[PDB]
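A.B. asks: Structure below; questions to follow.
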Amino acid sequence: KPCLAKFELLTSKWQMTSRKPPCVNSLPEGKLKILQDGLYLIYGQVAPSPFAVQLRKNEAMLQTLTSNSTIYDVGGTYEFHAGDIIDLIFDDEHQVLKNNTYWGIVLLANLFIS
Amino acid sequence: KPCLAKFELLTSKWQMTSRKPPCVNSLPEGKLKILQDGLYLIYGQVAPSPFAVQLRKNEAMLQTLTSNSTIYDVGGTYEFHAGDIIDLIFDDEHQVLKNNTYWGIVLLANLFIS
Amino acid sequence: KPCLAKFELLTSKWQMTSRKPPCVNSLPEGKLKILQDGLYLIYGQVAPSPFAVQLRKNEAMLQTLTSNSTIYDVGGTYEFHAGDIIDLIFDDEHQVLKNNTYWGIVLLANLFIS
């Protein structure tokens, strides 16, 4: 089973696949802890109710998007290490439609190289 | 076997992996029907013969790209639900080189979460 | 085991998963040879010490990125054929921080279609 997690803004809550062992753990405030070194794909959709969103790793800004219409794919593909904290933040949540705003992550491959 | 489908503009035709059960079904007019809830990656290449292309889900515009050179990767990563209809349309097909224009989709993960 | 390869700029060296048979082979000058037809995802990070980077397939420019801050995800998703040579080049390596600059590739699916 793949390792996938999805955070819904309407519920403010994480759901994840039942894959064992977990590759991620849900945290409060919409954060996620990476448990395994790996290559991960982050996806997501942000619908407006222009707004701006920021994807972050620990302190680092992975990306900043600004749009006056729905962003149907935020994120990208990143190597993360065990302990990395991933977060998606909004300039103002009053500008987004929570019912149709969510983000998520899937493990593509562990990093057992040469 | 992964679930993958690819549409070629030269043949106007879909080809797909032999994976059972199917996760997608080919439709006329270059459309595709999603059969399973899931996280999908859409890819593709559009070569010019500036042109514009639009990726759509049902009524929704997923993305619009405009370029005067080859776009080597259209698309992105999206959650789709069973019944969603995906389409890639061109502002004018006379502006593209069909022999080197194609698009496609692969299932990354079904959505069996928490 | 997935087929994954990663090139580090600090070592100027490729590392790869032990997956058999290989889907790629490392080459000198930071190049990579595709051994199997397939859909591949290219990722990478380029940190500055504005700089520009170019991802190439054989002669073809897949993409050109320019930034004055870290690019946390270069690349995208592409069909490659056996024999394709992939390369990532810099306008000037004196503008990048090699310790935190790397790029890589993972095989998503072989191309056994209809």
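Every chain in the structure tokens has a letter given in the order shown (A, B, ...), and although residue numbers restart at 1 in each chain, ligands are simply numbered from 1 in the order shown.
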Which residues come within 8 Å of residue 34 (chain C), counting only C-alpha atoms, excluding same-chain residues fewer than 5 positions away, as number ranges by chain?

C.D. replies: C: 23-25, 80-86

A.B. asks: Pairing the C-alpha atoms in order across the whole chain, superpose chain B onto chain A by least squares and write the result as a compact mmCIF listing (two decimals) with N, CA, C and O atoms, in the first residue's frame.

C.D. replies:
# COMPACT_ATOMS: atom_id res chain seq x y z
N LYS B 1 0.83 -1.21 0.00
CA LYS B 1 0.00 0.00 0.00
C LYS B 1 0.86 1.26 0.00
O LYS B 1 1.81 1.35 0.77
N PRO B 2 0.53 2.23 -0.87
CA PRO B 2 1.35 3.45 -0.85
C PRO B 2 1.15 4.23 0.44
O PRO B 2 0.15 4.05 1.15
N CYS B 3 2.11 5.09 0.74
CA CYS B 3 2.00 5.95 1.89
C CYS B 3 1.45 7.30 1.46
O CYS B 3 2.14 8.07 0.79
N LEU B 4 0.21 7.58 1.83
CA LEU B 4 -0.42 8.82 1.40
C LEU B 4 -1.14 9.46 2.57
O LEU B 4 -1.69 8.77 3.44
N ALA B 5 -1.11 10.79 2.61
CA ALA B 5 -1.78 11.55 3.65
C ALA B 5 -2.44 12.73 2.98
O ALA B 5 -1.91 13.27 2.00
N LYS B 6 -3.59 13.14 3.51
CA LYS B 6 -4.33 14.27 2.97
C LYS B 6 -4.95 15.09 4.11
O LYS B 6 -5.58 14.54 5.02
N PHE B 7 -4.75 16.40 4.04
CA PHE B 7 -5.28 17.33 5.03
C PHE B 7 -6.43 18.11 4.40
O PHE B 7 -6.26 18.72 3.33
N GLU B 8 -7.60 18.08 5.05
CA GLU B 8 -8.74 18.87 4.58
C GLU B 8 -8.91 20.11 5.44
O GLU B 8 -8.92 20.02 6.69
N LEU B 9 -9.05 21.26 4.77
CA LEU B 9 -9.17 22.56 5.43
C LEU B 9 -10.52 22.71 6.13
O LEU B 9 -10.63 23.40 7.16
N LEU B 10 -11.56 22.07 5.59
CA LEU B 10 -12.88 22.16 6.20
C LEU B 10 -12.92 21.50 7.57
O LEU B 10 -13.56 22.00 8.50
N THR B 11 -12.23 20.37 7.70
CA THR B 11 -12.22 19.64 8.97
C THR B 11 -11.00 20.02 9.80
O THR B 11 -10.93 19.69 10.98
N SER B 12 -10.03 20.69 9.16
CA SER B 12 -8.70 20.94 9.75
C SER B 12 -8.07 19.64 10.17
O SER B 12 -7.39 19.56 11.20
N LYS B 13 -8.29 18.60 9.38
CA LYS B 13 -7.86 17.29 9.87
C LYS B 13 -7.13 16.43 8.82
O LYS B 13 -7.45 16.49 7.62
N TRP B 14 -6.15 15.67 9.29
CA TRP B 14 -5.38 14.72 8.47
C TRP B 14 -6.06 13.36 8.38
O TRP B 14 -6.61 12.87 9.36
N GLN B 15 -6.00 12.75 7.21
CA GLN B 15 -6.33 11.34 7.05
C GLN B 15 -5.16 10.70 6.34
O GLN B 15 -4.50 11.35 5.54
N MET B 16 -4.91 9.42 6.60
CA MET B 16 -3.77 8.75 6.00
C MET B 16 -4.07 7.30 5.67
O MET B 16 -4.97 6.68 6.26
N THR B 17 -3.31 6.74 4.73
CA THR B 17 -3.44 5.33 4.41
C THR B 17 -3.00 4.49 5.61
O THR B 17 -2.29 4.99 6.50
N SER B 18 -3.42 3.23 5.65
CA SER B 18 -3.13 2.35 6.78
C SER B 18 -1.79 1.64 6.63
O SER B 18 -1.53 0.65 7.31
N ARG B 19 -0.96 2.16 5.74
CA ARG B 19 0.31 1.52 5.42
C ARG B 19 1.26 1.43 6.62
O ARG B 19 1.44 2.40 7.36
N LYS B 20 1.86 0.26 6.79
CA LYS B 20 2.75 0.01 7.92
C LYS B 20 4.15 -0.31 7.44
O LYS B 20 4.32 -1.07 6.49
N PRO B 21 5.18 0.29 8.07
CA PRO B 21 5.09 1.35 9.09
C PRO B 21 4.70 2.68 8.44
O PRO B 21 4.81 2.80 7.23
N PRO B 22 4.23 3.65 9.24
CA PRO B 22 3.85 4.95 8.66
C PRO B 22 5.08 5.65 8.09
O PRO B 22 6.18 5.41 8.59
N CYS B 23 4.91 6.48 7.07
CA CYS B 23 6.03 7.24 6.55
C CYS B 23 5.92 8.69 7.00
O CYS B 23 6.88 9.45 6.91
N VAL B 24 4.74 9.04 7.53
CA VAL B 24 4.48 10.38 8.02
C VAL B 24 3.58 10.31 9.26
O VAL B 24 2.89 9.32 9.49
N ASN B 25 3.59 11.37 10.05
CA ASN B 25 2.68 11.44 11.18
C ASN B 25 1.97 12.78 11.12
O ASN B 25 2.58 13.79 10.79
N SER B 26 0.68 12.80 11.44
CA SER B 26 -0.07 14.05 11.46
C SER B 26 0.32 14.86 12.69
O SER B 26 0.59 14.30 13.75
N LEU B 27 0.34 16.19 12.55
CA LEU B 27 0.64 17.09 13.66
C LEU B 27 -0.50 18.11 13.79
O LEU B 27 -1.32 18.24 12.87
N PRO B 28 -0.56 18.83 14.93
CA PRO B 28 -1.54 19.92 15.04
C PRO B 28 -1.24 21.06 14.07
O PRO B 28 -0.17 21.04 13.45
N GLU B 29 -2.15 22.02 13.95
CA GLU B 29 -1.95 23.21 13.13
C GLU B 29 -1.68 22.88 11.66
O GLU B 29 -1.02 23.64 10.96
N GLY B 30 -2.18 21.73 11.21
CA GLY B 30 -2.05 21.35 9.81
C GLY B 30 -0.64 20.99 9.37
O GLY B 30 -0.32 21.09 8.18
N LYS B 31 0.20 20.59 10.31
CA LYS B 31 1.58 20.27 9.96
C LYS B 31 1.71 18.78 9.78
O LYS B 31 0.82 18.02 10.17
N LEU B 32 2.83 18.34 9.22
CA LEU B 32 3.07 16.92 9.01
C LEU B 32 4.54 16.61 9.31
O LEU B 32 5.41 17.37 8.93
N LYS B 33 4.80 15.49 9.99
CA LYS B 33 6.19 15.12 10.26
C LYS B 33 6.56 13.97 9.35
O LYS B 33 5.86 12.96 9.30
N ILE B 34 7.65 14.15 8.63
CA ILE B 34 8.22 13.09 7.80
C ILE B 34 8.94 12.09 8.69
O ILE B 34 9.79 12.50 9.51
N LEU B 35 8.63 10.81 8.55
CA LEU B 35 9.24 9.77 9.39
C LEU B 35 10.37 9.01 8.68
O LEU B 35 11.22 8.39 9.33
N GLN B 36 10.36 9.02 7.35
CA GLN B 36 11.36 8.28 6.59
C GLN B 36 11.98 9.16 5.53
O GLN B 36 11.25 9.90 4.85
N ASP B 37 13.30 9.07 5.37
CA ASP B 37 13.97 9.70 4.24
C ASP B 37 13.28 9.23 2.97
O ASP B 37 12.98 8.04 2.83
N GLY B 38 13.02 10.13 2.05
CA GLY B 38 12.40 9.68 0.82
C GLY B 38 12.12 10.77 -0.16
O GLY B 38 12.27 11.96 0.15
N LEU B 39 11.73 10.36 -1.36
CA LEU B 39 11.25 11.27 -2.39
C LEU B 39 9.73 11.31 -2.31
O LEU B 39 9.08 10.29 -2.45
N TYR B 40 9.17 12.49 -2.06
CA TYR B 40 7.74 12.65 -1.85
C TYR B 40 7.13 13.57 -2.90
O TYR B 40 7.78 14.52 -3.36
N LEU B 41 5.90 13.29 -3.29
CA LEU B 41 5.16 14.22 -4.13
C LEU B 41 4.08 14.90 -3.29
O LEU B 41 3.26 14.22 -2.65
N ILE B 42 4.09 16.23 -3.28
CA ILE B 42 3.04 17.01 -2.63
C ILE B 42 2.06 17.53 -3.69
O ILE B 42 2.47 18.06 -4.74
N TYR B 43 0.77 17.35 -3.43
CA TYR B 43 -0.29 17.87 -4.30
C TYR B 43 -1.28 18.70 -3.48
O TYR B 43 -1.22 18.73 -2.25
N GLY B 44 -2.20 19.36 -4.17
CA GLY B 44 -3.25 20.04 -3.45
C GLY B 44 -4.02 20.99 -4.34
O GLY B 44 -3.60 21.30 -5.46
N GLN B 45 -5.14 21.46 -3.80
CA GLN B 45 -6.04 22.36 -4.50
C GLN B 45 -6.47 23.47 -3.54
O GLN B 45 -6.86 23.19 -2.40
N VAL B 46 -6.38 24.71 -4.00
CA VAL B 46 -6.86 25.84 -3.22
C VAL B 46 -7.87 26.64 -4.02
O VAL B 46 -7.55 27.20 -5.08
N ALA B 47 -9.11 26.66 -3.53
CA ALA B 47 -10.20 27.41 -4.14
C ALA B 47 -10.47 28.72 -3.40
O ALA B 47 -10.45 28.76 -2.17
N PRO B 48 -10.72 29.80 -4.16
CA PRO B 48 -11.02 31.09 -3.53
C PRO B 48 -12.47 31.13 -3.08
O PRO B 48 -13.30 30.39 -3.64
N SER B 49 -12.79 31.97 -2.10
CA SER B 49 -14.16 32.06 -1.58
C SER B 49 -15.13 32.80 -2.51
O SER B 49 -14.74 33.69 -3.27
N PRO B 50 -7.05 38.46 -4.96
CA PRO B 50 -6.27 37.22 -5.11
C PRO B 50 -5.70 36.73 -3.78
O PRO B 50 -5.33 37.54 -2.92
N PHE B 51 -5.65 35.41 -3.63
CA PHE B 51 -5.15 34.80 -2.41
C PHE B 51 -3.73 34.27 -2.64
O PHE B 51 -3.28 34.14 -3.78
N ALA B 52 -3.04 33.97 -1.54
CA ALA B 52 -1.69 33.42 -1.62
C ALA B 52 -1.52 32.30 -0.62
O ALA B 52 -2.07 32.33 0.48
N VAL B 53 -0.75 31.30 -1.01
CA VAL B 53 -0.50 30.15 -0.16
C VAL B 53 1.00 29.90 -0.17
O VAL B 53 1.69 30.28 -1.13
N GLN B 54 1.53 29.31 0.90
CA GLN B 54 2.95 28.98 0.98
C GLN B 54 3.14 27.57 1.49
O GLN B 54 2.61 27.21 2.52
N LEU B 55 3.90 26.77 0.74
CA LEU B 55 4.33 25.45 1.18
C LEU B 55 5.72 25.58 1.80
O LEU B 55 6.64 26.16 1.19
N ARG B 56 5.86 25.03 3.01
CA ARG B 56 7.09 25.13 3.78
C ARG B 56 7.62 23.79 4.28
O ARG B 56 6.85 22.84 4.55
N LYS B 57 8.94 23.72 4.39
CA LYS B 57 9.65 22.61 5.00
C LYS B 57 10.46 23.20 6.14
O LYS B 57 11.36 24.02 5.90
N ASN B 58 10.13 22.82 7.37
CA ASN B 58 10.80 23.41 8.53
C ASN B 58 10.71 24.93 8.44
O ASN B 58 9.62 25.48 8.37
N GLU B 59 11.85 25.62 8.42
CA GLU B 59 11.80 27.06 8.17
C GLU B 59 11.65 27.41 6.68
O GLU B 59 11.08 28.45 6.33
N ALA B 60 12.14 26.54 5.80
CA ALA B 60 12.29 26.87 4.38
C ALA B 60 10.96 27.01 3.63
O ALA B 60 10.07 26.18 3.76
N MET B 61 10.86 28.07 2.83
CA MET B 61 9.72 28.22 1.93
C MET B 61 9.99 27.37 0.69
O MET B 61 10.90 27.67 -0.08
N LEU B 62 9.21 26.30 0.51
CA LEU B 62 9.33 25.49 -0.70
C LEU B 62 8.73 26.26 -1.86
O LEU B 62 9.34 26.37 -2.93
N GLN B 63 7.53 26.80 -1.66
CA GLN B 63 6.91 27.56 -2.74
C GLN B 63 5.82 28.52 -2.30
O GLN B 63 5.17 28.32 -1.28
N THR B 64 5.64 29.58 -3.08
CA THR B 64 4.60 30.56 -2.80
C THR B 64 3.78 30.74 -4.06
O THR B 64 4.33 31.02 -5.13
N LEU B 65 2.47 30.56 -3.94
CA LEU B 65 1.58 30.70 -5.09
C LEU B 65 0.55 31.79 -4.81
O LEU B 65 0.08 31.94 -3.69
N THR B 66 0.23 32.57 -5.84
CA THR B 66 -0.76 33.63 -5.72
C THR B 66 -1.69 33.52 -6.90
O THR B 66 -1.23 33.40 -8.04
N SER B 67 -3.00 33.56 -6.65
CA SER B 67 -3.95 33.44 -7.75
C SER B 67 -5.30 34.00 -7.37
O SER B 67 -5.65 34.04 -6.19
N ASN B 68 -6.07 34.44 -8.36
CA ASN B 68 -7.44 34.88 -8.10
C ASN B 68 -8.46 33.83 -8.53
O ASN B 68 -9.67 34.04 -8.43
N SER B 69 -7.96 32.69 -9.01
CA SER B 69 -8.83 31.53 -9.28
C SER B 69 -8.27 30.26 -8.61
O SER B 69 -7.19 30.29 -8.02
N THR B 70 -9.02 29.16 -8.70
CA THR B 70 -8.59 27.89 -8.10
C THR B 70 -7.21 27.44 -8.59
O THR B 70 -6.93 27.42 -9.80
N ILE B 71 -6.33 27.12 -7.64
CA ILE B 71 -5.08 26.45 -7.96
C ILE B 71 -5.32 24.96 -7.80
O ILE B 71 -5.57 24.48 -6.69
N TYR B 72 -5.25 24.22 -8.91
CA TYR B 72 -5.64 22.81 -8.91
C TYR B 72 -4.47 21.89 -8.59
O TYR B 72 -4.65 20.69 -8.34
N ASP B 73 -3.27 22.44 -8.60
CA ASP B 73 -2.11 21.67 -8.19
C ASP B 73 -1.01 22.55 -7.59
O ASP B 73 -0.22 23.16 -8.31
N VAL B 74 -0.98 22.58 -6.25
CA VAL B 74 0.12 23.20 -5.50
C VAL B 74 1.18 22.12 -5.25
O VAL B 74 0.96 20.96 -5.58
N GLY B 75 2.34 22.48 -4.71
CA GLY B 75 3.34 21.46 -4.44
C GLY B 75 4.27 21.07 -5.58
O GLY B 75 4.50 21.85 -6.50
N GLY B 76 4.80 19.84 -5.52
CA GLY B 76 5.85 19.40 -6.43
C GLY B 76 6.51 18.16 -5.85
O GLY B 76 5.90 17.48 -5.02
N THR B 77 7.75 17.87 -6.24
CA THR B 77 8.41 16.66 -5.78
C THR B 77 9.73 16.99 -5.07
O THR B 77 10.58 17.70 -5.61
N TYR B 78 9.90 16.46 -3.86
CA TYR B 78 10.98 16.88 -3.00
C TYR B 78 11.57 15.70 -2.27
O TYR B 78 10.83 14.79 -1.90
N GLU B 79 12.87 15.75 -2.02
CA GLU B 79 13.49 14.83 -1.06
C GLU B 79 13.28 15.41 0.32
O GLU B 79 13.60 16.58 0.55
N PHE B 80 12.73 14.61 1.23
CA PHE B 80 12.62 15.02 2.63
C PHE B 80 13.38 14.01 3.49
O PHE B 80 13.55 12.85 3.10
N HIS B 81 13.82 14.48 4.64
CA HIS B 81 14.50 13.62 5.60
C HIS B 81 13.64 13.43 6.82
O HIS B 81 12.83 14.30 7.16
N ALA B 82 13.81 12.29 7.47
CA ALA B 82 13.16 12.01 8.73
C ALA B 82 13.30 13.21 9.66
O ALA B 82 14.41 13.71 9.85
N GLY B 83 12.18 13.69 10.18
CA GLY B 83 12.19 14.82 11.09
C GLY B 83 11.76 16.13 10.44
O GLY B 83 11.45 17.10 11.15
N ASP B 84 11.75 16.17 9.10
CA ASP B 84 11.29 17.38 8.41
C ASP B 84 9.82 17.67 8.71
O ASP B 84 9.00 16.75 8.73
N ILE B 85 9.49 18.94 8.95
CA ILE B 85 8.10 19.33 9.21
C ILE B 85 7.54 20.12 8.03
O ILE B 85 8.07 21.18 7.68
N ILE B 86 6.46 19.61 7.43
CA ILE B 86 5.88 20.22 6.23
C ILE B 86 4.61 20.95 6.61
O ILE B 86 3.84 20.47 7.45
N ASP B 87 4.38 22.11 6.00
CA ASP B 87 3.25 22.95 6.37
C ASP B 87 2.71 23.69 5.15
O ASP B 87 3.47 24.06 4.26
N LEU B 88 1.40 23.91 5.09
CA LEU B 88 0.84 24.77 4.05
C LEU B 88 0.08 25.90 4.72
O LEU B 88 -0.86 25.66 5.48
N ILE B 89 0.49 27.13 4.46
CA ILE B 89 -0.11 28.26 5.17
C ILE B 89 -0.77 29.24 4.21
O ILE B 89 -0.40 29.32 3.03
N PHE B 90 -1.75 29.98 4.71
CA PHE B 90 -2.49 30.91 3.87
C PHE B 90 -2.32 32.35 4.35
O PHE B 90 -2.22 32.60 5.55
N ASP B 91 -2.27 33.29 3.41
CA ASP B 91 -2.15 34.71 3.75
C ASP B 91 -3.38 35.15 4.53
O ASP B 91 -3.31 36.06 5.36
N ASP B 92 -4.51 34.51 4.23
CA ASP B 92 -5.79 34.79 4.87
C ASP B 92 -6.80 33.72 4.47
O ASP B 92 -7.17 33.61 3.29
N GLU B 93 -7.24 32.93 5.45
CA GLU B 93 -8.14 31.81 5.20
C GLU B 93 -9.55 32.26 4.87
O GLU B 93 -10.39 31.45 4.47
N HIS B 94 -9.82 33.54 5.06
CA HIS B 94 -11.12 34.11 4.74
C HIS B 94 -11.24 34.25 3.22
O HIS B 94 -12.34 34.42 2.69
N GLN B 95 -10.11 34.18 2.53
CA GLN B 95 -10.07 34.30 1.08
C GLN B 95 -10.22 32.96 0.38
O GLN B 95 -10.36 32.90 -0.84
N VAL B 96 -10.18 31.87 1.15
CA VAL B 96 -10.32 30.55 0.54
C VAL B 96 -11.62 29.80 0.91
O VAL B 96 -12.24 30.06 1.94
N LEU B 97 -12.02 28.89 0.02
CA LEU B 97 -13.21 28.08 0.22
C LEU B 97 -12.74 26.76 0.80
O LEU B 97 -12.17 25.92 0.09
N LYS B 98 -12.96 26.57 2.10
CA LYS B 98 -12.34 25.45 2.79
C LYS B 98 -12.90 24.12 2.31
O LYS B 98 -12.19 23.12 2.28
N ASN B 99 -14.17 24.11 1.93
CA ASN B 99 -14.81 22.89 1.48
C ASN B 99 -14.11 22.28 0.26
O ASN B 99 -14.20 21.07 0.03
N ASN B 100 -13.42 23.11 -0.51
CA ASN B 100 -12.75 22.62 -1.71
C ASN B 100 -11.27 22.94 -1.72
O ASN B 100 -10.66 23.05 -2.79
N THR B 101 -10.70 23.05 -0.53
CA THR B 101 -9.28 23.29 -0.37
C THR B 101 -8.67 22.18 0.47
O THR B 101 -9.16 21.88 1.56
N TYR B 102 -7.60 21.56 -0.04
CA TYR B 102 -6.98 20.44 0.66
C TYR B 102 -5.57 20.27 0.12
O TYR B 102 -5.27 20.74 -0.97
N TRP B 103 -4.70 19.62 0.89
CA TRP B 103 -3.38 19.31 0.32
C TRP B 103 -2.92 17.96 0.82
O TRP B 103 -3.50 17.43 1.75
N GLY B 104 -1.91 17.38 0.18
CA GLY B 104 -1.53 16.02 0.51
C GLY B 104 -0.17 15.61 -0.01
O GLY B 104 0.52 16.38 -0.70
N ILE B 105 0.21 14.38 0.31
CA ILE B 105 1.57 13.93 0.06
C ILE B 105 1.54 12.42 -0.12
O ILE B 105 0.74 11.72 0.51
N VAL B 106 2.39 11.94 -1.04
CA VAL B 106 2.53 10.52 -1.27
C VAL B 106 4.02 10.19 -1.35
O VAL B 106 4.80 10.97 -1.91
N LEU B 107 4.41 9.08 -0.76
CA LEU B 107 5.80 8.64 -0.86
C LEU B 107 6.02 7.95 -2.19
O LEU B 107 5.35 6.96 -2.50
N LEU B 108 6.96 8.45 -2.99
CA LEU B 108 7.28 7.85 -4.28
C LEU B 108 8.33 6.75 -4.16
O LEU B 108 8.22 5.71 -4.81
N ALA B 109 9.35 7.00 -3.34
CA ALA B 109 10.44 6.04 -3.17
C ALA B 109 11.25 6.38 -1.93
O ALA B 109 11.54 7.55 -1.69
N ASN B 110 11.62 5.36 -1.16
CA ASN B 110 12.63 5.55 -0.12
C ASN B 110 13.99 5.81 -0.77
O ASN B 110 14.17 5.53 -1.95
N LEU B 111 14.95 6.33 -0.02
CA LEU B 111 16.21 6.77 -0.62
C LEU B 111 17.41 5.85 -0.35
O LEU B 111 18.43 6.28 0.20
N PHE B 112 17.29 4.58 -0.75
CA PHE B 112 18.36 3.60 -0.60
C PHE B 112 19.27 3.60 -1.82
O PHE B 112 19.19 2.70 -2.66
N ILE B 113 20.14 4.59 -1.92
CA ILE B 113 20.94 4.75 -3.14
C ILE B 113 22.39 4.27 -3.01
O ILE B 113 22.86 3.98 -1.91
N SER B 114 23.08 4.20 -4.16
CA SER B 114 24.31 3.41 -4.37
C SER B 114 24.99 2.80 -3.16
O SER B 114 25.06 1.58 -3.04

A.B. asks: What are the DSSP strand (DSSP E) residues of chain C, as a tab-separated table (two decimals) with C-alpha atoms, in the first residue's frame?

C.D. replies:
chain	number	residue	atom	x	y	z
C	4	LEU	CA	15.96	5.93	-8.76
C	5	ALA	CA	19.17	7.83	-9.43
C	6	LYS	CA	20.54	11.00	-7.86
C	7	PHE	CA	23.46	13.22	-8.90
C	8	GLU	CA	25.18	15.37	-6.27
C	13	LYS	CA	28.76	11.84	-8.71
C	14	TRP	CA	25.75	9.59	-9.39
C	15	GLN	CA	24.22	7.17	-6.91
C	16	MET	CA	21.45	4.75	-7.81
C	24	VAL	CA	19.41	4.11	-16.18
C	25	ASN	CA	23.18	4.22	-16.31
C	26	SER	CA	25.42	6.97	-14.94
C	31	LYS	CA	24.85	12.93	-17.73
C	32	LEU	CA	22.50	9.96	-17.52
C	33	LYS	CA	21.56	7.32	-20.10
C	34	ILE	CA	18.01	6.02	-20.14
C	38	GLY	CA	9.29	4.75	-19.69
C	39	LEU	CA	7.57	7.58	-17.89
C	40	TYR	CA	10.11	9.24	-15.58
C	41	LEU	CA	9.88	11.95	-12.96
C	42	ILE	CA	12.85	14.31	-12.68
C	43	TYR	CA	13.33	16.28	-9.44
C	44	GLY	CA	16.04	18.46	-7.97
C	45	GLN	CA	17.12	21.44	-5.92
C	51	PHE	CA	21.40	31.90	-11.58
C	52	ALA	CA	20.00	29.76	-14.40
C	53	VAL	CA	19.84	26.03	-14.96
C	54	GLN	CA	18.78	23.96	-17.98
C	55	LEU	CA	17.42	20.42	-18.09
C	56	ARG	CA	18.12	18.70	-21.42
C	57	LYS	CA	17.26	15.51	-23.28
C	60	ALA	CA	16.45	19.19	-26.65
C	61	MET	CA	16.01	21.76	-23.88
C	62	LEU	CA	13.36	20.30	-21.58
C	63	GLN	CA	13.37	23.35	-19.35
C	64	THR	CA	15.19	26.51	-18.33
C	65	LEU	CA	14.83	27.98	-14.85
C	66	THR	CA	16.18	31.30	-13.56
C	67	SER	CA	16.03	32.40	-9.94
C	76	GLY	CA	8.86	17.41	-14.26
C	77	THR	CA	7.46	14.23	-15.82
C	78	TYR	CA	8.55	12.98	-19.24
C	79	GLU	CA	8.42	9.97	-21.50
C	80	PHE	CA	11.97	8.94	-22.36
C	85	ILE	CA	20.75	11.24	-22.65
C	86	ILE	CA	19.58	13.52	-19.82
C	87	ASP	CA	21.67	16.41	-18.52
C	88	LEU	CA	21.38	19.34	-16.10
C	89	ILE	CA	23.62	22.28	-16.89
C	90	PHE	CA	24.37	25.59	-15.19
C	102	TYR	CA	21.42	17.95	-6.64
C	103	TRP	CA	19.07	16.42	-9.20
C	104	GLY	CA	17.51	13.04	-9.78
C	105	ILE	CA	15.08	10.76	-11.55
C	106	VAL	CA	12.68	7.96	-10.71
C	107	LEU	CA	10.93	5.53	-13.05
C	108	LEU	CA	7.16	5.82	-12.63
C	109	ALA	CA	6.07	3.22	-15.19
C	110	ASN	CA	7.40	1.28	-18.16
